[PDB]
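The chain below stands alone and is given as structure tokens, in the form deposited in one PDB entry.
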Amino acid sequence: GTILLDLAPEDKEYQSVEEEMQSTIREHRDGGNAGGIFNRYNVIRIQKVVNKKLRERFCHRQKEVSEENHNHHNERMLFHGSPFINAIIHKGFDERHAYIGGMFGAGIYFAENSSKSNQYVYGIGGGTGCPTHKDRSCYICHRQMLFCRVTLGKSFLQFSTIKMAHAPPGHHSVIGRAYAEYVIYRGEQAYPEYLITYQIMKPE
């Protein structure tokens, strides 16, 4: 099944992913309620997910999208957080477990900003936080999030909240607008490329 490759801190690839993660921390409108308070992550581990069934399904989808998007994937690296990352890296994304409460409909959601996704690591609104301390801003418990290859194909820009079950005709994804949220409606338009294990760090 799924094989995890551990990246070394010396690898440029490691240093790019951590750079994307550290440099996209923002202040969120809920004052850090869901995701905690921090200016930095402490990155513990970065692992590359290798799964043959999933790579195959991703590629397949990727080709269909290319055809309808002038032979462009429009692939982006985006974050995703969920308390079921473990099911994700073994069975892929599953739109049947879509974010029912999502602003732009029932799809699978991704962020440019790591701090956005981190808000969903323990559940929606941050849930009741970590299992041990029930603390959404815990600094001890290890969190995991995904930095994913996401096939956006042709994106539809939505500036209003609106329940969508699927992308608009001729489109493969929705970009919704504070900051943009990227939504896909098919699980195979995302591959969980990097599994990041980390902590949020208490500001000094």
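Rigid core here is just the name for the largest C-alpha set that superposes within 1.5 Å across the two forms. Note that residue numbering follows the sequence shown and begins at 1. Only residues modelled in both forms are compared.
One more form of this protein should be noted, the form deposited in another entry, which is absent from this view; the next part is about it.
Large C-alpha shift between the shown form and the other one, rigid core held fixed: of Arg26, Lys163, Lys52, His60, this applies to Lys163 alone, with a displacement of 2 Å or more. Remark: with the core as the superposition reference, the CA shift of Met103 between the shown form and the other one reaches 2 Å or more. Three angstroms is the minimum change: in the other form, the CA atoms of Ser114 and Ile100 sit closer than in this structure, by 3 Å or more. The gap between the Cα atoms of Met21 and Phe104 is larger in the other form, by no less than 3 Å, than in this form.
In a core-based superposition, a mobile segment is defined as at least three consecutive common residues whose CA atoms each shift by 2 Å or more; between the shown form and the other one, such segments span 99-105, 161-163.
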